[PDB]
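>>> coords below, sequence missing:
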Ligand SMILES: O=c1[nH]c(=O)n([C@@H]2O[C@H](CO)[C@@H](O)[C@H](O)[C@H]2O)cc1F
Ligand SMILES: O=c1[nH]c(=O)n([C@@H]2O[C@H](CO)[C@@H](O)[C@H](O)[C@H]2O)cc1F
């Protein structure tokens, strides 16, 4: 049907069909008369998977022969989403499978909706890991994703009377056709025990053994016949009341049972620390094993790169020391040189509550050898500080990996900087903040370690896959090469005055909005006007992200309609979606406020279809693939300095939404690429927030001087949005008034005014669309292909390659 | 190579080979250079499984069309063993696969050794279920095995310093290629709650829900293209600290985690009762569902047969009442008629400690509605007794399903008799004992319910599969038809004086003994003379089975050698094997005694290679397939009246071992078939045991009057077999002397003397072999094909059929 979805060869369609029937019969053990759509999805999934394995086997053997440097991406999160369409896209099978299934009398699109998301992550950090693997494979890097195969991913979100309800995400109920269990590569991981000192060194003894069993998932590059591997570890009990002893095996296997659902919040639970060690211990053994199959650890760093996705796998550092010193008997200094040269650290946040700070009493019990190694790392590190800044005792307490207090803690960030040759932030403003604020001391000591690597998203999933209409019209004008070289979108800049392109861009947007409006009605009985502006904020619910600021605007528009009902307003559908961490009380209250606003606004007859507020339930990767292409306005309104980068922002820029946002994270670079005129910037810059903090933030001041704001607060307090529970929202008002760490009132005025400028441009479809084109055309920098090329050249020391392997 | 293993067609071998390579590549994702033997086994297993599915699908559809009466075999145990060779045998693929793998440069036999046993049973009762499914399929019955898919089967037995050690049997570590998960047929099972009474009837409410997910395993008939189904249920938590709530899902799923390892011993644990209800509830829903796809329950019994394998699924009876009365709203009497006409009960033991007697307080909490139904069943039943035997109040307490006492108990056997149209024992002597002793009352009330169905074993696994040499030489003389009509072995009786047959029978036995001797050395470093008589006792360790009697004989031979070293004795290798239930202290002591005897006897230089005592570790189905064909002497020495049938006994008769045994269980019928002259019978009959009990059993009497016995006891007490722990065996001696329920001393004299008659016949190879031939020739009755034909015609009301379905 459409050009970018590849060829439907006569030979190929016939082959796809007969293999589909072979799998329905032999793999699923069904005939055409009893098969349900789920059987059909599985038969297709098994058919497409057959096209991978040849390439998978060839790619792994090719690395064995050429022995290139290997990249190891360690992450507790891999937010993968669905695999089927992504695989078809990267293999050029999409039209072929469309044809093949059509001739069998099936709809491939309704088959794709049966696949469960692999929701093995929380949000941005997890999804960055997924975009990264795709880009690494597309760039021919000999790269491995390593993580935990969680039995339960992020919870499924239900809304009940406006409140979030959590359900276990049982994503493996029906099997996962994409993975291959490799029980033959199972490895022991140790916990507890004690340290013995002998003549020939320290010995870690009397340990509890948990087995790590690997599952391999293929990761295909874009049309280059490279298939890399994501290896995920599962916890298994070793084989040594009888009944009770058998039942208690589930204690050891609980390690890989469930993903922790905090995003941007640290929780010091033991099961979490076990998870962190488990992935690090099993992975390092695998890494070392692979290195020995090609005595001499001097070359280790020329053969191995280990990237740490936040501090979650920070134990990689003392684990590598442990193996090198205790088991391989290298001296301390030589082992330490290998370690630093091997490891690199990526920071994703500056929020203090998000940083991992592990109680010494936990590490002592669980990992007594690792604590000793850490104390020694600390002593030697602090001796370098003392030597470089003599007499500066304050520096020494600030820089210590050990934080003193009523409970002693290890600062895992400090550990990562000390044991890594490179530390990077994820956007230029965020990397600057690291050097000026929380890592200033470390930067002054080792300025060469600090780098920027601005985040990116994959144009395969985030354009070609979710938005075939837009990719198609682009390909008509400029060709197909941009899919793996997103800088070429800049050519689109010569079509900004082209009348036919303007209509085509606007046509695709209208189509996406129609389709999504129909999805809202069918799957959720929700009833929206597709001619309204689609105002969307989707991301995890967190105070720093300021869904509340969005809420206040929404209430302002409603109060403006009620004051002057017969006046023209540009109609909006305001959509807010995201999950709250189960124990984050405020976050849960925010969700309830949003639905409470919808209860009132959506059933007011005076409003009409001019204002709708929808809470988008169970936001996840596969929902983002649907709502992003449908969006007109992208909301990125975090208090300046708090959002390290953002990646949703890039997804929307790429898909023809305009951005309203603060000068925060990657927003700064997007606006710089598109031109500030083509972006709706508002609010405090980082410098302004700083000024407000020195002086003191008094929210009362904004309440006294802004009648429209006062009215909103009065409505919240008086029970206007909760008639049965008049005092339901007193926590929010109290917080907004007395301890708002994120200064929601300070940006309110400039936000509302900036929002009027958006409504104004939207009244002029032609000028709206030309601004869209200028965004899309300059979104090229935000390809994860660019990001990974920079990691490769500036951190890992490997050259990317766009060359095809043969089939 | 050999005729009974089928054709190796040129077309077939070429096809098997290319499918093997397809699975190695696409299913296992390996190339010929990295594959291990386990990969090779899996590729073969996936290839052979492809030949089943066509037939599997056709068989299930054929039943849908013809709508025959369905047989439902309910069992908590299915002792399956390995599936690969059995599948090849039943499909005639064995030579073809042998050729195909050979040409690929593989040894099929070493590939077969990689398959784990499905050890989903304890011993005899579990294995009878497995033989039954094979026979049902071979006889074209529309039959379903229903049970629990245990995550851990019977424990793996390790011997450490002579003591049993238990290891979790993790049989699914590497996957099970034979099963097909059917998550689409998942069903809710209820526990706890309470009973509400309304106007329209009783309602069971506030229940905990556990989900039952089915796994289908194919069961192929012998060369008839029938493939039936064994459906096994797995426990799953429903989807509704967050972390802790997710972790606690393992509480509900524990139901199907582990098989209880007691054989012939009841343990009243709650997890066991949950297991029993779970299989019964999920199965009955499936049964009822299937019946509705073809309102009117009058025809239910013409469409459904439910067989209860012991009392383990006795809850089938009140569950069926519950559904029929509470959910389908039929009146009590009509529902009860349907129930009785549907259900039938098989008893497997008369040992009082083995009978299930469930505390009312457990049933009350766990299954409060079922208890009410049981009380009502009891009341109405006792009214029929009272009416038939007026004034007999004693009968009424004896017959009650409710046993009075300090703790009230439900007698599950009494329930099964009341709710069943047929009750059967498993050998003629056992069925007679039921009518005269423990079920006398019930027999007097309803004499027509009581039947015999003498057990059998499948000649496919138990001859063709494990003993291809013997099957081959039989097929040479009499053809192949006997494999599915074992009565034809009677033709062999005209070869008893044939010189060539005599040499061939003896040749096969020598070959089996050589092979097994080499297995003992390779896998266990054990060092035996293959020219010695192979004296084997293999079965679970239980006092009633009298491994101890065997022990005393062994010690007697040793003391006879030491007394007169230079005298000729027929050399023996005495092999004893079996598992002990983990909490059965005595049973564990017996294992230690056996190895203690081996420690002394095996390293005495005066003994030479004249007497060896070996403990066969980890006895299980796949070990029985090896040792049975190698046996000369089969030991079946249970105290008369205690072994209901036995089935090992039949395995040995079939494979050319002679039997030494008591007139117990099926021993009586075997000796009757072969002629008493061709059997080594000894010891008390049932009548003699009875006489001894009336008088009182005083073991002291045998100790005073038999010097050889006194010497053994003195040796046991003085520490002759335990020099470091002189008093190690005082529990055994104490038991033997003061409270031996099984009268080991009473049979000792006649046992020893009968054992001398065996040594005598063994000195004359020609006459030994002719007696073997007379056993093999009359072992036909003991085919499970005969057994099932009798169940079908006399209990289920269906006609067996030997006719082939088409391929
Ligand atoms: O716990 C975290 N979870 C999370 O998703 N991140 C995000 O990581 C993303 C990837 O770098 C950033 O774009 C984003 O600004 C940042 O909040 C940062 C964390 F620290
Ligand atoms: O718990 C039991 N386990 C067991 O294996 N059985 C056996 O069941 C076999 C099958 O009927 C009989 O041959 C045998 O005599 C009998 O002991 C009987 C029981 F009651």
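Cool, got the structure. Residues are numbered from 1 along each chain as shown, chains lettered A, B, ... in the order given. Ligands and ions are numbered 1, 2, ... in the order given.

>>> going forward, measure contacts between C-alpha atoms and count neighbours the same way
Will do.

>>> What helices and strands are in contact with the helix ranked longest in chain A?
The residue-count maximum for a helix in chain A (DSSP state H) belongs to helix A:37-66. Helix A:37-66 sits against helix A:10-22, helix A:84-91, helix A:108-112, strand A:201-220, strand A:227-236, with contacts defined as 3 or more CA pairs under 8 Å, 6 or more residues apart in numbering or on different chains; DSSP states H and E.

>>> Identify, out of those, the most deeply packed stretch.
Highest mean neighbour count of the helices and strands packed on helix A:37-66: strand A:227-236, a mean of 25 (counted as mean count of other CA atoms under 10 Å in any protein chain shown).

>>> Spell out which strands sit alongside that strand in the sheet and which way each one runs.
Using DSSP bridges, strand A:227-236 pairs in its sheet with strand A:143-148 (parallel), strand A:201-220 (antiparallel).

>>> Name the next helix or strand following it along the chain.
helix A:242-247 (DSSP states H and E).

>>> Which phi and psi values does the residue of the stretch 601-750 of chain A found nearest chain B adopt?
Residue of the stretch 601-750 of chain A nearest chain B, by CA to the nearest CA: residue A:618 (15.3 Å). When read as degrees, to the nearest 10, the backbone of residue A:618 gives phi 60, psi 40.

>>> still on that earlier bit, can you put the helices and strands packed on helix A:37-66 in JSON lines and add distance to residue A:461?
Below are these laid out as JSON lines (distance: least, CA to CA, whole Å):
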{"stretch": "helix A:10-22", "distance to residue A:461": "23"}
{"stretch": "helix A:84-91", "distance to residue A:461": "6"}
{"stretch": "helix A:108-112", "distance to residue A:461": "14"}
{"stretch": "strand A:201-220", "distance to residue A:461": "12"}
{"stretch": "strand A:227-236", "distance to residue A:461": "16"}
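
>>> check contacts around residue A:789.
Contact partners of residue A:789, counting by CA atoms under 8 Å, 6 or more residues apart in numbering or on different chains, are A:139, A:799, A:800.

>>> tell me which element it is part of?
Using DSSP H and E, residue A:789 sits within helix A:784-791.

>>> So is that helix next to ligand 1?
No. Counting by CA under 6 Å from any ligand atom, ligand 1 is not contacted by helix A:784-791; separation bottoms out at 11.4 Å.

>>> Show me how far that helix is from its chain's centre.
16 Å (CA atoms, centre = their mean, to the nearest Å).

>>> ok, now which ones touch the residue nearest to residue A:492 when sequence neighbours are not counted?
For residue A:492, ignoring the flanking residues on the chain, the nearest one in space by CA to CA, 6 or more residues apart in numbering or on different chains is residue A:777 at 5.4 Å. By CA under 8 Å, 6+ apart, the contact set of residue A:777 is A:489, A:490, A:491, A:492, A:493, A:674.

>>> What are the neighbouring residues in contact with the third one?
Same thing as residue A:491. Applying CA under 8 Å, 6+ apart, the residues near residue A:491 are A:478, A:777.

>>> Quick check: phi and psi on it?
Note on residue A:491: its backbone torsions stand at phi -60, psi -30 [degrees, to the nearest 10].

>>> Look up how far residue A:587 lies from the residue in the stretch 501-650 of chain A positioned nearest to ligand 1.
The stretch 501-650 of chain A approaches ligand 1 most closely through residue A:646 (3.3 Å), counting by CA to the nearest ligand atom. Look at residue A:646 and residue A:587: by CA to CA, to the nearest Å, they are 19 Å apart.

>>> Could you list the residues in contact with the host helix or strand of residue A:119?
Assigned by DSSP H and E, residue A:119 falls within strand A:118-120. Here strand A:118-120 makes contact (CA under 8 Å, 6+ apart) with A:77-82, A:126, A:149-150, A:152-154, A:171, A:259, A:620-621.

>>> Next step: these restricted to helices.
Mapping the contacts of strand A:118-120 onto helices (DSSP H) picks out A:126, A:621.

>>> Show me the contacts of strand A:118-120 that map onto strands.
A:78, A:79, A:80, A:81 (DSSP state E).

>>> Once you drop chain neighbours, what's closest to residue A:654?
The shortest distance from residue A:654 to any non-neighbouring residue, by CA to CA, 6+ apart, is to residue A:776 (5.2 Å).

>>> show me the residues around that neighbour that make contact.
A:489, A:653, A:654, A:655, A:656 are the contacts of residue A:776 under CA under 8 Å, 6+ apart.

>>> sorry, back to before: relative to the following helix or strand past the longest helix of chain A, what are the paired strands and their orientations?
Using DSSP H and E, the helix or strand that follows helix A:37-66 in sequence is strand A:70-74. The partner list of strand A:70-74 in its sheet, established with DSSP bridges, is strand A:143-148 (parallel), strand A:304-309 (parallel).

>>> With distance to ligand 1 as extra columns, can I get the helices and strands packed on helix A:37-66 in JSON lines?
Formatted as JSON lines, those follow (distance: least, CA to the nearest ligand atom, whole Å):
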{"stretch": "helix A:10-22", "distance to ligand 1": "38"}
{"stretch": "helix A:84-91", "distance to ligand 1": "21"}
{"stretch": "helix A:108-112", "distance to ligand 1": "27"}
{"stretch": "strand A:201-220", "distance to ligand 1": "20"}
{"stretch": "strand A:227-236", "distance to ligand 1": "19"}
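
>>> between these, which one is nearest to ligand 2?
Ranking those by distance to ligand 2, with CA to the nearest ligand atom as the measure, places strand A:227-236 first at 31.6 Å.

>>> Identify the residue nearest the closest residue to ligand 1 within the stretch 251-400 of chain A in space, chain neighbours excluded?
When scored by CA to the nearest ligand atom, the stretch 251-400 of chain A has residue A:264 as its residue closest to ligand 1, at 3.6 Å. Spatial nearest neighbour of residue A:264, chain neighbours left out: residue A:354 (4.8 Å); criterion: CA to CA, 6+ apart.

>>> what's near enough to touch residue A:662?
Counting by CA under 8 Å, 6+ apart, residue A:662 touches A:636, A:637, A:638, A:639, A:640, A:681, A:682, A:683, A:684, A:685.

>>> For it, give its distance to residue A:650.
Distance from residue A:662 to residue A:650, counting by CA to CA: 14 Å.

>>> what's the residue of the stretch 251-400 of chain A closest to ligand 1 in contact with, if anything?
Contact analysis of residue A:264 by CA under 8 Å, 6+ apart lists A:349, A:351, A:353, A:354.

>>> Could I get the contacting residues of residue A:300?
Shown in contact with residue A:300 (CA under 8 Å, 6+ apart): A:291, A:338, A:342.

>>> who in chain A is up against ligand 1?
So far as CA under 6 Å from any ligand atom goes, chain A lies against ligand 1 at A:123-125, A:128, A:263-264, A:348-349, A:354, A:426, A:643-647.

>>> Repeat the analysis, applying 8 Å as the threshold.
Contacts of chain A with ligand 1, taken as CA under 8 Å from any ligand atom, map to A:122-128, A:262-266, A:310, A:347-351, A:354-355, A:426, A:455, A:642-648, A:665-666.

>>> Show me what residue of the stretch 201-350 of chain A gets nearest to ligand 2.
Residue nearest to ligand 2 within the stretch 201-350 of chain A: residue A:243 (17.7 Å; CA to the nearest ligand atom).

>>> Now the stretch 351-500 of chain A against ligand 2: closest residue?
For the stretch 351-500 of chain A, CA to the nearest ligand atom, closest residue to ligand 2: residue A:366, 44.4 Å.

>>> what's the helix or strand harbouring residue A:451 packed up against?
Using DSSP H and E, residue A:451 falls within strand A:450-452. Strand A:450-452 sits against strand A:422-425, helix A:428-436, with contacts defined as 3+ CA pairs under 8 Å, 6+ apart.

>>> Which positions within the next helix-or-strand element following the last one qualify as buried?
Right, the one you point to is helix A:428-436. Using DSSP H and E, the helix or strand that follows helix A:428-436 towards the C-terminus is helix A:440-445. By neighbour count on 16 or more other CA atoms under 10 Å in any protein chain shown, the buried set for helix A:440-445 is A:440, A:441, A:442, A:443.

>>> Let me see the domain layout of chain A.
Domain assignment for chain A, taken from curated CATH domains, gives A:1-456+A:784-807, A:457-783.
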